[PDB]
Structure formats: C-alpha cells, structure tokens
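Scroll down for the structure; my scribbles are underneath it.
Cβ coordinates were reconstructed from backbone atoms using ideal geometry, including for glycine residues, and neighbour counts include every protein chain displayed. What is reported rests on the model, the rules as stated and the sources as named; no laboratory read-out is quoted.
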Amino acid sequence: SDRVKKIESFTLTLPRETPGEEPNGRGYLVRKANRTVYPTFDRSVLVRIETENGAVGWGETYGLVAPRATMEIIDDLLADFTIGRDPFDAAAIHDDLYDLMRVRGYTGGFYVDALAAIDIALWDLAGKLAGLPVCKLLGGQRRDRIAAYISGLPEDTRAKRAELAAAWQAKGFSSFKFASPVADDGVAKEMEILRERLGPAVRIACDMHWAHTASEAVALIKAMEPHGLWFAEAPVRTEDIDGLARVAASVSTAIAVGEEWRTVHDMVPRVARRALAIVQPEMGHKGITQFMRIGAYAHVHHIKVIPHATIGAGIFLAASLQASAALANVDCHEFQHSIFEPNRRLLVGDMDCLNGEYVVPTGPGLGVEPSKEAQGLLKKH
Amino acid sequence: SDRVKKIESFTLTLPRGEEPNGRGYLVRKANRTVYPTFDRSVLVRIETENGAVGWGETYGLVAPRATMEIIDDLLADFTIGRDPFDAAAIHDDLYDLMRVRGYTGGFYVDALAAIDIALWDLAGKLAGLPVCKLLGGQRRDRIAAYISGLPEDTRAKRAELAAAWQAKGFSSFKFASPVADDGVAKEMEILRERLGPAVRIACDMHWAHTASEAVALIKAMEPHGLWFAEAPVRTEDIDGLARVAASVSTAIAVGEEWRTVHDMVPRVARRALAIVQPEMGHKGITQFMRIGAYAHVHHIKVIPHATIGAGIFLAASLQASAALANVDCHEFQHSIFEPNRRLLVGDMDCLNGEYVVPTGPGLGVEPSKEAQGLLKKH
Amino acid sequence: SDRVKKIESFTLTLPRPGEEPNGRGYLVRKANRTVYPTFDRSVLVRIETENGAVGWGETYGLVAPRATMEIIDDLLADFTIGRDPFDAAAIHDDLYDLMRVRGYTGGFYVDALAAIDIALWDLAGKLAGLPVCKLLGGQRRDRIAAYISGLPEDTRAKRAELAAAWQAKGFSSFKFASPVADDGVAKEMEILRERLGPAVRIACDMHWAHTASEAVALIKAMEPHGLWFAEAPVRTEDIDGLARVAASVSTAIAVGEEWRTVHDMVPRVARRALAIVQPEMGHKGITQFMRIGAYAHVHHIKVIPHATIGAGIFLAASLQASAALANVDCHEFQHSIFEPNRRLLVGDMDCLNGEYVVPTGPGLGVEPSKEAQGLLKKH
Amino acid sequence: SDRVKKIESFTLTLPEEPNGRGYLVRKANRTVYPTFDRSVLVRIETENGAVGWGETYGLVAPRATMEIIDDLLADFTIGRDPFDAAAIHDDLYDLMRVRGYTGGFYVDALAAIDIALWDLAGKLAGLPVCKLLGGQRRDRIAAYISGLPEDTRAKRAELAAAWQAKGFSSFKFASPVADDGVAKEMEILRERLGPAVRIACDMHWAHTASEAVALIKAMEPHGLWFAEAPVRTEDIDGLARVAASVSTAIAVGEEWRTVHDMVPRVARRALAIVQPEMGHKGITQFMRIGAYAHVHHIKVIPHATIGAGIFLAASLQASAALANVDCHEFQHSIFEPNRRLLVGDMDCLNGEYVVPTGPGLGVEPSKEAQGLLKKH
Ligand SMILES: [Cl-]
Ligand SMILES: [Cl-]
Ligand SMILES: [Cl-]
Ligand SMILES: [Mg+2]
Ligand SMILES: [Mg+2]
Ligand SMILES: [Mg+2]
Ligand SMILES: [Mg+2]
C-alpha cells in the first residue's frame, strides 16, 4: 500500500496588498494602534506531498511573517520523518511529529504551523487514495453547505461601512462582523448604524482585537448589547484567562475565541473556566487533526464552533470546509470576500461561497488543488 | 455511493438459594445482581444495496428481545438508506431520537452500539481498510493483554491458575475482591510472592463499598504493589470515587458500565479516575473513540473492558484500541475468548500476553457459517 | 399475608416538510430531531395477589413499548411474584439492583420499574383500605393547583387567545414552548403578559436545544415581562451549562421531566443548578418520585410535576404522591390528553377551576374502565 | 377514620457529689448527669380507643419537655389522623420554627409525639411500623457493644471477651475511659479479640481537629472501625478537616435533631457514618436522615441510650425499613434491667437485635411500668 515518497515546501506570494507606518526594509509594517506586524503582500506556505504510486497531496499554513522559518522546520526536521509513512495514519503521524520536540516546549507557534501544512496534505492524500472527500474519513458528512458570515467591513467611515454591509446583504448574506478598532465613532454607534441599516433579522458580531482589560471589555460589550450583539470575539489578551472568564461571566453575550490557538490543549483551560461559548479554530494554524480535536471537545462541552478564515490560497480553507462538514457543532464559518474572490484563479475544484453559504467541495481529498497557474507562481524553499 | 438496505437482529446463545428460575435467571446473594445460566449476546447484520455485509454485536445477557425491539421497531428505519461512511454522524442522529426523554444509556445505547459497530465494519469493507485506518491511523498491531480474573475457590488454587497463565506469556492480572475469602491483603501478599516483583496485579472491587471502606481495602493492598483499583464504589457515588482517588496513591479505574463520553465528563472533572475502562459491547466504536479521545486530552490511561461475546464487539474493541494513543493494555477473558475461535473467521488472536489486531478490511472478523446457523432471528 | 401472584403487561393505543410517518408510525420533527408516534400509546401493568386484589401501573409506551414490556415479562416479573406489596419501596430497590452494575439505571429499565412500582403501591393502598398518600406520610391536600402546559396555536395572538380562554375557566398559571414562539420569546411574553394581566404566572419551556449563553440571552429577553420559570434551558448532560445559567439569571430554573431516579438529581443540586424539580411519574414510579420530592424538601427546591400523554393511571399516582409531598406548588395539566381519556377511568380524579381533584378511594383511587380493559393489548 | 382524642405525658425513673436536685457535673467533660435514669413518655388515645406510646429524653428538666407537649403541642395534635403522622410532624415543627425552636427540647417533644402516632398508625392498619415505611428489609439487626465500663485496661479487654463469647463481634470504647492512651487500648483489645472483630472509638467531642487527627492516627495501626464525635458539634470546619486528614470513617449524629442538621455536614463531606438517636428525633426525622444517607452513600449506625425501650423499639422498626443500616448500638446495662418494663418480643442476643413482630411498635409498657409512671 502507498507510502509517502517526497515532501516539498514553497511560498505563494500574491499581488494583493495589506502615516509613519511605512514598510521596513524587509516589507513589514507595524500598526501603531495595535503594535502588531503585517507583511505588505499576501503570502502563505504550501507543502506538496507525493507518494510512491504518484498520488499528490497539498497542504497549506500561514506564511505572513518569516515564512522560511516554517519551511525550514518542514524541510530540516519533519519531512525526513514523514517519508515512508502511510497517509491513512495521518493523525498518528501528527502525534509522532508533535512528540519530536514537545519536551523542549515547541508545542505551538511556527512548529504547529509546519505540522498543519503536513497534516492537511496527508489527509488530502488519504481521501484521494480512498476516493472520498476528507469529511467521509472524519466520521461523515453532516452538511454540504455551511452558512458564512462577512468577516469585516473595511471602509473609511461608519456610513460607508454600513452600505458595504447592505451590499453583501443583497447577495444573500445575513451575518456580519466588524472590528472594534475601525469603529471611529465608537462601538455603540457602529452597532446602531448597522442594526438600523440592516434591520432586526441579521446577526452582528464584534471582534474586539484582544487589547482590553476585563473591565474595559465588559463596558464595551454592555454598550453594544442593546443593539442585538451576536457575539464578542477576543475581548481580552490570550494570556488573560482570569480576565476572559470574568468577561464571559459578566455579560449575556456569547464570548468567542480561538483563532490564535494551535492545539486542543489550548482549549482545555478556557473550557475549564467556562470562559467561552464559541470556539473559532483557524485551520491554517492547526491542521485537520487538531481542528477536529477542538471541534470534538466543543461537542462534549456544548460549545459552538465558528471557524476563522484568513489570507490564503484556498488550500487550508478547503480543509476547514471539509472538517467543518464533519463537525456536529459547526454553525457558521467566517468568509473573507476580498481574499476568496481574487484567489479563485489559484484553484481547481468546486469550492464556492455565494448567497450567504459555502459550498463544500465534492471531489476526493480536499476537493481542491492549486491550478497550473498557481503551481507556476510557487517559489520553492 | 452505496447505502444501507436492510438490518437484521439476532441472539446467539453459548453454554458456559440461587437456582435459575423459570427463565434461567439467578441472583447472587453476594451482590444482588442477576445472571443468566447461559451466556447470550445480540448480533446485527447490515447489508447495503450492492450487497456488502457488516456485523455488529452488543450485550444480550438479560431481556435481549428488548434490545432487538429497539433496533427493529425504531432504529432500523432511520438507518436504512444512510451511507456507512457517515457512521458517527448516523450515531448522533439516532441518539438524538430519544435523548429529550432520557433514553440516553442502558438498553438504548446497547442498541446503538450494535448498529454503530456494523456500520463501521461496512465503512472499512467498502474502503478495503481495517477500521483503525478510518479512525486516524493504526498505532499498534499488538495490544498487551491482562488476565481478567482467577476463578478458583482457594487463595492457593487461584495463585496457581495465575502462574500458569504467566507461563503462557501473560504478565498482568486482575482478581475480584469478593472472591478473596481470606481478605485482599492475603490475596495480594500471596500472588506477589508467587509471581514475582515483575507482574502487574490489579483488583476489581465490584462497586459495593463506601469511600472509607474502599480506602481501607486499597491501603491494605498497596504494600504489595497494586497496579490499579477498579470500581471501588457505587457508580452513582461520584463524591465517593473522588475521595477515594484523592486518598490513595493507587490509580483508580472505572468505566465498564458507562455508555457515552457524557458519562465520563463528571468523573474527569472531579479528578476521580486515572484509568477509564470502556466496554465496546456497551458503547460502539463512535462512543468508544470519543471516550478515548477525551482520555487523551485529560491524560487518562485507557484499559478497555472485555466480556462474554461472539468476538464481534471484541474485534471492534481491538480495532478502536489500535487507533487510540492512550491504550496501554486490554482485558482478556480467557474463559470466553477461548471456545469462541470456532465462531469467527479472521485472524484475531491472543497469545503470549498480547492480542493480535485482526488484519482484514472492516473489523477483520465475521461469524463463520456455523455461527450464522446458530443465530436466532428476532 | 397476601403476596403477589401474577403480572401482565399491555399496551393501550389512542387516536389523536418531509416528516411523513414511516411504516411503523414514527415521524421525526426536523426542528428538534426527536421521534414521535402518530398515536398516543402507553404501557400498563396489571398485578394480582394470591387473594385476588388487583393493582394497576402505567408508564411510557410511545416508542418500542414491547421493549419495556419485555423487561417486565422476561426479568422483573419473576422477581416480584411472591413479595408483599407493603414492601413496595424495598422491592423497587431490589429490582433496581439486579442490573445496576451493568449500567441499566435509567431509560426503559426504570420505566419498567415505574409501572411495577405504581401497581404495587396501588395494591398496598387497596389492601389497607387507604389512599396511597396515607401510606406516604399523610395527606396534606386534596386539591392541587394546575397550570396550562402548552399553547398549541400557530400565532402569538391565537396562542394568547388560547391562554385567555383557560384563564376564563379559572387557570392563572401558564407555560409556552420557546420553539413555537415564531416572533421570539420576548414578543411572546409581551402579548401573553398584556392579554392576561399582571397577576398570572407565565413560564417558558425552552426545550433543551441551547448553549448556556444562548439560554441566558433568551431568558434575559423574557425577564422584563415577569418570567415564572425557565425550563430545560440546555442539554440534559450539560450540567456545567445548567449551573451557569442558574447562576447568571435571576429566574427560577426548572428541570427533571426526563430523569429517572433521585440519583439524577443529586449532581444538579450539588451545582445549585435548579430552583424547581419537575418529576414525571410515568418515568419514575412513586418510590423514586417521593425520594426526589423529599430531596427537594431538604434542599428548598419547589416540586412541579410534569404531566404527559397517558391513560390516567400514572397521573393518578402523580396526584397521590403530590398530595403527600410538603413542597408541591402546582402540577402540569394537559387538557388535550386529559379530557379525552376521561372515558378510560373509573374514579373521581378531576381537574377544573384551575385545580386537580385528588382521587378519594383506596390505592390510587382509579382504575381502567371496562372499555379501557377491552382495548388492552397483552404483551 | 379514627382521630387523636387525648394525649398525656409522664416521667419514668430508674436506678462531683450530686446537688440537692440529683445532678452532678463531671470535671472530665463538663457535662451534667442525673443520678437516676429517667425518660419522658407520651400516651396517645384515639376517639375509638386505640392507644399509641412514644418516648424521648427525660434526663434533665423533663418537666420542660412535658410542658411543651402539654401546653402547646397536644391541642394542635388532638383531632388529626395518625396516618398523617409525618405531615403532623411538619405542622408542629412549623409552629415555632421562625422563632428558632428547631432542636433541643422542642424536637425532643415532637419526637415523643411522632413515635406515638406511628405506633397508632401501625396498630390501626394492623402493620408493624416498618411496613408503613416502605417495607421490611430485615428482621434482625447486627448490634455492637456500646462501651466497656471497667476501671482497668485489662478488665475492659475481658468484659469485651465475655461479650465476644456471647456472639458479639463489634465493639466501641470511649476515649476518656482509656487511662493508658487510646493507642494502648486499641492494641490490647486487638490482641485479646483477634483480627476479625470491629473496634471503634467514641472520642467524646472535646478535641481540636489536630488533636483528633493525632489520636486517630495513633489508633489506625491497630484496625480502627470508626472514630465518633472527634471535635465539637459546632466545629464543622474541624470535622471536615478530620475526615479529610485520616483514612478512618468518621461517625456523628447522636446529638442532632433533624435532617437539616445533617445537610451542612454532608455538604462538607465531613462524615462517613450517621448515628441518629431515635429518642431525640422521632420516626419522621430518623427516616429522613436515613434516606438522606442513602442518597449520599453514607452508613447508618443508630445510637442507643438510657430508656424504657419505647424509642428503642421505634429505632428498630425504623432500621428494619432503612436501606443503609449496618448495625445498631447496644446498651447492655440499660437494655437488660429494663426488660421488665416492656411487653413484646423485642430482644438482643448472639450479637443481634430481634425487631418486634406485632403491629405498630410491637411493644408497649408493661403493667409494672404503667404503675410507676408519674404524670405531668
Ligand atoms: Cl514558534
Ligand atoms: Cl434502559
Ligand atoms: Cl431547647
Ligand atoms: Mg479575530
Ligand atoms: Mg470490573
Ligand atoms: Mg418540558
Ligand atoms: Mg457517642
């Protein structure tokens, strides 16, 4: 039976772009507002895995910052220990790979990014080898469409953002999220405009972008609640578990977190403190094995799953849809309009998002692969 | 895309102030539990449109027609037409049928289990893969086995039945605390100085103790090296079990009588076990794996129960256990497993203190023709 | 010295998107993924002593009733025959023990104990010439306040009209199901509270399918209209969720209809997760019902029994047990079940002017009519 | 149906200097003791002439108890149906609860009335009390030897020996009586009686948690059955700490009055065994405590004390109906002399109580007894 023969990693850089916030000599800028670094152009790391019989699997992970660090991990360590393995042992292979370095504490960050790209490609292969979509190897397909929500409203002013939203509503979308930092007029007002414009039927959530104390977050949420708030995301710092638990206990709005996590181990202490109502796994950080472990833990603990979505060619997005098709508790899924649209030329397969819903790809494996054009754009490590 | 077409249920009977009654049931004065005089289980045969067949099995010791009725009157119709690659999702749908009325354990889940195992059996045949390869990977093809019990009337006779099993490769054992007529310290003391400081020896305490009673028995065993202590208190006595777990340095093991991962949650939350012992015949592959995944997340070891059966749910257990990270050992019913080799075709085996995980597609085992002829339809 | 002689089990059937029943009469409501028969059906048990005294029990028979009758006929019956009905609670414990170590501690198994248990108490009452409640510590009341269990109409307004009609007949306590509140629970509470006035009590049955935070939000939206209790806010196994809801809302949380034994209650109470317990006699039997009522008493929890489809036998047992409990406030009443089934019983169990009349005679004070017995289908 | 017609109450007397009233204080435990044993009895008669008997403590100021019965409770009981016995208990408890009369003499007084009404109930139905409590589970009840009233360790060991030879295999000694330390006491008794018997210790309250834990750790090597009353009744924190700090079972309850007393202790996991005293509690409370124990997998080992035998009879009936009854205390010193005061088959021999067989309590005061009653 077929075994992994070779593994290659590449970056894929895209022409889509991100006062005193100019990129540095390496193409990185920092937003003074949040002290977070951003690259100038979209970019992700892809991994190509081929078996002895010539089957090919594709995986993908973040590559926004120092992507050659991730590729070095794949190339220097993981590749040589994955060659020879059976892709049907994907989750066990994942655990083996994770154990290589766990006792030295490389149990997140770049290390799990690397693991994810490999994990996704092995699962892609398993599906192809068996002639099944990945969700049929994950316990079954529960749905073939997944509701999508508009990830944000990147406009200059409140008025404009609200119109942008109404445009999307016209296309069949009835769930939306805005980021609190962009709310120049304040969250209460943003919420007011959106509710007014869009009506009482739509769901409206707010991503608070982490930088608040528990008390600051509570005040902001309370100010939004009168206008019908779907959920509040990332109200406090990642490390501030006590803060997160206080916030969830203090407001009646569902609290959502998780996009910056890496493994199910990250979820456990937040559930222990009943600090979240919704988990938001980002497939590109986690890989299928962990993303499923988080979704299953959410099932046991009665937490809703609303996966994150981000900059990427569509490979880990495809994995996110497959895994999401197989999870009991997946309600809805983030949708990045300005990323999904332009990236269409990069993919072959029938993945789509239209009329407020994702279409889960149907072919074996992920159901999608990089187009000939995409494969030409790839730059090998 | 192949689909479930028909489902049939059967019983299969195997011969082994407490006389059996009209219907062959007796009650041990010792533990107030009911027993059949004849061992019996419930099998399920599932066939798809294209003619693939899957087999499942659950308990049938008592009122097995009740379980077959659940299967035949309710579950069958909601399974027929489904894709067996959706086994887990099908499990959740069937469980939801009756959950709001509180049918979330006992006979209802026994019924779900037999169907679940059959469906997974089909998924593997259709993919031409062992079930463990549909459960995230095969992590082992052998699973260490421990000797379930030593049924003899004397502390000395028991110490022998054991030594013999030891002479056959086995190096882990368990004894039942009620069987120890001389006291459990005697039992431990003897077994230890008769099998060496090598083997692992555990005690199944059979539920009937208060926390403080159980702590006393355990401390009297601990000097002799106690591998684990199973079922030290009543199933309902979660506080009791938490107190026991915290008061002794011995691993506490529970789980054979549960049905779903939901049963495990409250016990993990009280740090009330170090080992979970799922019984596949009660749970099915879907629940078994969920319990094993939960154990993995919570750093709990997995030592699956084994029991009276044809070998169908046992084969399921072995497949699930090959795919679990935290499976250390697996119980071995020597008295049962032994004479049932004539009921199965496939390469499932146990020797030299280890189970061999069956290799074929699906569970890797099926009832022989001779076994199917013994089946009594519902 | 009269002992149990024989035991028989029967069913009793009664008329009433892609949800068409299948060839076995079962449909699944897409909304809640739950199965329903297209026909009321319960399981009855008839127990007779050496001396010819007869007692009746009843329990759920909505789905696979044969399974429950099989547990009674194959297992439980032989171990009851020969025993003294005045040992009903002792007997229940013995039968529970037969299978407890294998985990048959709820579901169909306890349904089976319940029918047997109720018939035995019926007998002990008949044999003593006393109402069941005079064997349960004493009668404390002979009338039990009743509340309207549901409002089966398809608009908010038609549902308010329905409640007002019941108000006209002397009812002053009501409950609606959140899944039917097409306008939302807030709007539902508003029209009910406006149509019926400031004095009526209005509860919401939330029907399990919510996360704790979804539940808290729904409840907060209802509270400004004076919410009596919120029932089944989250999944049964979601005890963490249940505790968090109770701790986050000022409204009384009610649970219990789907439990089986007092053991089910302990962990919820230990988490302070309920203000009201709602035992269902048809699932529990009198022994378990009363142990739950007494646990409630010690823990200052109100008891508001559930009511459901049935012949009226387990209902009667519910009224007897209720008449003996300190903490019984009111009792659920389903007209739709109750009125039709009047033909099926001899005795004085009634419900009018917002109150259950507790049956007078010995035992349960009721028994199936000739007509009913003529409809029984033996297992 | 028959109804309560009248109620009367009486004392019955039986046989560090006592004061002019019969009371002495033991420097040891600061507790007061009468010189003559004494209890309070109540006699209840129906319209139709049925008669029930009940009893409670009368050791100290028995007139206070009888006064509560006579002045308050009697008039609110006359007219009620005895089959409502438990409902009547709650009604009576409620007369005074808001003023905080929820234990002590008040509940003593309720207990005597409760016991009499249950008697009437059984009699009226022609049933032993246990058949009105949900069934009889047993007719014999393992008994254990309450104490070893000897001035020397060697002598006590022997007295236990005599008892072992008459069929008893469970024993308890009081830690204060142990002149050479509780460790030496356990050791000798364990050697004299072998490794089979159960030996418990009643520590008589007067210890801090840490004192108690040290004493118990000293005893444990010698096979300790349970430790009773290790700290003050009000010291629930201390009780919890004791239970959590030793592996031995902790036993309490003899001085409680109601099931509400038990809840706070169970909540702190502070006990493995409850020791209800029928004389303080009555059948209603006794049974409620017994059921609460059942739910929480706690053992029930009822206490026994100086008495006529009426509340002892109630205790056996109740215990015959309890699921969790392990054994029952045995006061040989009281029980044997007192036999002449009772009519019925209540017995204790070969290490077992025989539960009375007749209807109601199955026992009633002898003609000699009734002659000796002093009315209130
Ligand atoms: Cl890193
Ligand atoms: Cl069941
Ligand atoms: Cl007082
Ligand atoms: Mg975010
Ligand atoms: Mg076991
Ligand atoms: Mg309800
Ligand atoms: Mg004492």
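Tabulated data
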item: Any hit, region A:51-59, residues being within 21 Å of A:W261 (Cα to Cα) and not hydrophobic (A, V, I, L, M, F, W, C); result: yes
item: C:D74 vs. criteria away from ligand 2 (no atom under 16 Å from the Cβ), more than 28 Å from C:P21 (Cα to Cα) and out of contact with any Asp or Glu (no Cβ under 8 Å at 6 or more places or on another chain); result: no
item: Those residues of region C:340-365 which are assigned to a helix (DSSP H, G or I) and aliphatic (A, V, I, L, M), in sequence order; result: C:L344
item: Sole residue being away from ligand 7 (no atom under 16 Å from the Cβ) and assigned to a helix (DSSP H, G or I), chosen from A:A313, A:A275, A:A319; result: A:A319
item: Members of region B:87-100 found to be in a helix (DSSP H, G or I) and away from chain A (no Cβ under 14 Å), listed by number; result: B:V100
item: Lone qualifier among A:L115, A:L153 - being part of a helix (DSSP H, G or I) and either within 16 Å of ligand 4 (Cβ to nearest atom) or assigned by CATH to the domain that holds A:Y98 (or both); result: A:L115
item: From the options C:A217, C:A273, C:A247, C:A221, residue that is under 30 Å from C:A89 (Cα atoms) and either of a type in the set (G, A, S) or within 16 Å of ligand 4 (Cβ to nearest atom) (or both); result: C:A273
item: Condition met for A:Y111 (within 16 Å of ligand 1 (Cβ to nearest atom), surrounded by fewer than 18 Cβ atoms within 10 Å (Cβ to Cβ) and among the aromatic types (F, W, Y)); result: no
item: Selection count, region D:108-165, where residues are under 22 Å from D:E254 (Cβ atoms) and of a type in the set (S, T, Y); result: 2
item: Considering residues of region D:287-310 that are assigned to a helix (DSSP H, G or I) and out of contact with any strand residue (DSSP E or B) (no Cβ under 9 Å at 6 or more places or on another chain) only, the residue nearest to ligand 4 (Cβ to nearest atom); result: D:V295
item: Region C:222-253, subset facing chain A (nearest Cβ under 9 Å) and over 25 Å from the mean Cα position of the chain (by Cα), residue nearest to ligand 1 (Cβ to nearest atom); result: C:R244
item: Search result, residues across region C:34-53 that are farther than 30 Å from C:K5 by Cα, surrounded by fewer than 16 Cβ atoms within 10 Å (Cβ to Cβ) and not β-branched (V, I, T); result: C:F39
item: Residue in region C:224-235 that is in contact with a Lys or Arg (Cβ under 6 Å, 6 or more places away or on another chain) and either farther than 29 Å from C:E355 by Cβ or within 16 Å of ligand 5 (Cβ to nearest atom) (or both) present; result: no
item: Contacts under 7 angstrom Cβ, first residue in region B:238-255 being of a type in the set (D, E, K, R), partner assigned to a helix (DSSP H, G or I), 6 or more apart; result: B:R243/B:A211
item: Residues located in region D:210-264, provided they are crowded, with 22+ Cβ neighbours inside 10 Å and part of a strand (DSSP E or B); result: D:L224, D:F226, D:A227, D:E228, D:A249, D:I250, D:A251, D:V252
item: Residue satisfying all of: in region A:265-274; of a type outside the set (K, R) and away from chain C (no Cβ under 11 Å); surrounded by the most Cβ atoms within 10 Å (Cβ to Cβ) among these; result: A:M267
item: Scope region C:279-322; condition within 14 Å of chain D (Cβ to nearest Cβ) and within 19 Å of C:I148 (Cα to Cα); matching residues; result: C:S322
item: Among the residues listed as B:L314, B:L363, B:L324, the single one being assigned by CATH to the domain that holds B:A113, surrounded by 23 or more Cβ atoms within 10 Å (Cβ to Cβ) and of a type outside the set (S, T, Y); result: B:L363
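Residue-wise test of (1) within 14 Å of chain D (Cβ to nearest Cβ); (2) among the small types (G, A, S).
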| site | (1), (2) |
| --- | --- |
| C:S42 | no, yes |
| C:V45 | no, no |
| C:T59 | no, no |
| C:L62 | no, no |
| C:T68 | no, no |
| C:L75 | no, no |
| C:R102 | no, no |
| C:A114 | no, yes |
| C:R140 | yes, no |
